[PDB]
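Data block below; observations after.
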Amino acid sequence: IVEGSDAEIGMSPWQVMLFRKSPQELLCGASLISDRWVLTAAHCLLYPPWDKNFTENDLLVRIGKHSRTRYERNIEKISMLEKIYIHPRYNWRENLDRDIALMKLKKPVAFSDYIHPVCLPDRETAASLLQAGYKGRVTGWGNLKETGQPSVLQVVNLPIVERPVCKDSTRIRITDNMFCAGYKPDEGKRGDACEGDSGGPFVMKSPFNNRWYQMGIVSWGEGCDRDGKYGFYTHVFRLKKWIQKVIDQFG
Amino acid sequence: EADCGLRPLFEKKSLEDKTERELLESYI
Amino acid sequence: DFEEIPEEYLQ
Ligand SMILES: NCc1ccc(Cl)cc1CNC(=O)[C@@H]1CCCN1C(=O)CNS(=O)(=O)Cc1ccccc1
Ligand SMILES: *[C@@H]1O[C@H](CO)[C@@H](O)[C@H](O)[C@H]1NC(C)=O
Ligand code: NA
Ligand code: NA
Numbered sequence: 364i365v366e367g368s369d370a371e372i373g374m375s376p377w378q379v380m381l382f383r384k385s386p387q388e389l390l391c392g393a394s395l396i397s398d399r400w401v402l403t404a405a406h407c408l409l410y411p412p413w414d415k416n417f418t419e420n421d422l423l424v425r426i427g428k429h430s431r432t433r434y435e436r437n438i439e440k441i442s443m444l445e446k447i448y449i450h451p452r453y454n455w456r457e458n459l460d461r462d463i464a465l466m467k468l469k470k471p472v473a474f475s476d477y478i479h480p481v482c483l484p485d486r487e488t489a490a491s492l493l494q495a496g497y498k499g500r501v502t503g504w505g506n507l508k509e510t518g519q520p521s522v523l524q525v526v527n528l529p530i531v532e533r534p535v536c537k538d539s540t541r542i543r544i545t546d547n548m549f550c551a552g553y554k555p556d557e558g559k560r561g562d563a564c565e566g567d568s569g570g571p572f573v574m575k576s577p578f579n580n581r582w583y584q585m586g587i588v589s590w591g592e593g594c595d596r597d598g599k600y601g602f603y604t605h606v607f608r609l610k611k612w613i614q615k616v617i618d619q620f621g
Numbered sequence: 333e334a335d336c337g338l339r340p341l342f343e344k345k346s347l348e349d350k351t352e353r354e355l356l357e358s359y360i
Numbered sequence: 062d063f064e065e066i067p068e069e070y071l072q
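Residue numbers (UniProt numbering), protein chains in the order written: chain X, 364 to 510, 518 to 621; chain R, 333 to 360; chain C, 62 to 72.
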């Protein structure tokens, strides 16, 4: 996360770290959506241009974390993966269209002060909140700048950007399964996700019921926090039919 | 599930985090 | 850079 701040304790209790077994290293962010299911970006698991194609046994998820590097004894919980599900129409070839994946845990994780699931948006909450100017929050342990790494979880609040502005900022083909967020060059404030934040959540707090909803997944950007560029996020609601299908048939 | 999105150390205790108001204020 | 995690999770 670029130009963010240290998270407060328990600020993002749905935050999940995707952790490589060997070598032991951070792979990505992710989010807890129930006691057995974790949501992330497809490119965290499958990205052929970078020779990335992880299997279940390659990975762990670490839940309830704050420190990036410490083993947080008595606080974090570490889970093995039973199964990975990637969206069947995930487009890793071109533009990361439908950049979404689910991971089912081998065993349910116990909730605590530091571990708690985020909500997924219904159609109405999505319609109400996914509007240009409305801010969401992005969290992760990724790089602090494009060209370094945080001691603890970072957080940054960023405004959703008008779709034409998103489109005009890039040569990449944007789709309805993405939205973009970030400040404009003139606005003064700045901030962005960066490498390592991939797969983490873009959340919004509904003013209707005071619950946190995951509207987006950290997906892609040209560099990090570049003027005139924006961060692109998987549109969780647009792909919720797939999410529900997977959970309903495999859990 | 039914309890999703309500943080034990914040919403469940009626405590606000330091920047959530920035979000609320943007929801015009 | 990372602190070692308990062996039980790598077994
Ligand atoms: N670039 C850091 C960054 C910045 C903002 C956000 Cl939201 C996420 C991220 C992290 N995501 C990533 O780094 C992902 C991983 C695969 C390629 N990728 C990119 O962002 C690539 N961006 S890119 O090369 O400028 C344009 C691009 C976008 C999609 C497919 C191919 C090329
Ligand atoms: C990625 O991994 C799976 C399983 O090991 C494999 O079948 C597939 O062909 C690989 N490449 C992809 C999905 O592009
Ligand atoms: Na364009
Ligand atoms: Na920017």
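Cβ atoms here follow ideal geometry from the backbone N, Cα and C, with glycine treated the same way.
Secondary structure at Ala490 of chain X: helix, using DSSP grouped into helix, strand and coil.
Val573, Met574, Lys575, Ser576, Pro577, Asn579, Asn580, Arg581, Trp582, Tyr583 and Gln584: these are the residues of the region 571-596 of chain X whose beta carbon lies less than 9 Å from some beta carbon of chain R, given in chain order. The C-beta of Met466 of chain X comes no closer than 7 Å to any C-beta of chain R. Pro529 of chain X: member of the beta strand (DSSP E) spanning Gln524 to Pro529, first to last residue. A contact is defined here as three or more CB-CB pairs under 8 Å, and the region 404-421 of chain X fails this definition with respect to the region 500-509 of chain X. Between ligand 2 and the CB of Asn579 of chain X, the shortest heavy atom gap is not smaller than 6 Å. Rounded to whole angstroms, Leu381 of chain X and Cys391 of chain X show a C-alpha spacing of 5 Å. Taking 6 Å as the cut-off, the C-beta of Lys599 of chain X counts as close to a heavy atom of ligand 4. The Cβ atoms of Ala405 of chain X and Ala464 of chain X sit closer than 7 Å to each other. Counting C-beta atoms within 10 angstroms of its own C-beta, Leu408 of chain X has 16 or more neighbours from the protein chains shown and is therefore classed as buried. Across the set X:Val522, X:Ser568, X:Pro376 and X:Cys564, the C-alpha of X:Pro376 shows the shortest separation from the C-alpha of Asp335 of chain R.
Cα atoms of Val535 of chain X and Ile544 of chain X: separation of roughly 11 Å, rounded to the nearest angstrom.
In terms of CA proximity to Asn454 of chain X, X:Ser589 leads the group X:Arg596, X:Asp618 and X:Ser589. Around ligand 3, the residues whose beta-carbon falls short of 6 Å from at least one of its heavy atoms are X:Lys537, X:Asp538, X:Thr540 and X:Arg541, given in chain order. The beta carbon of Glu439 of chain X lies closer than 6 Å to those of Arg425, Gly427 and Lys428 in the same chain, with the five residues before and after it left out.
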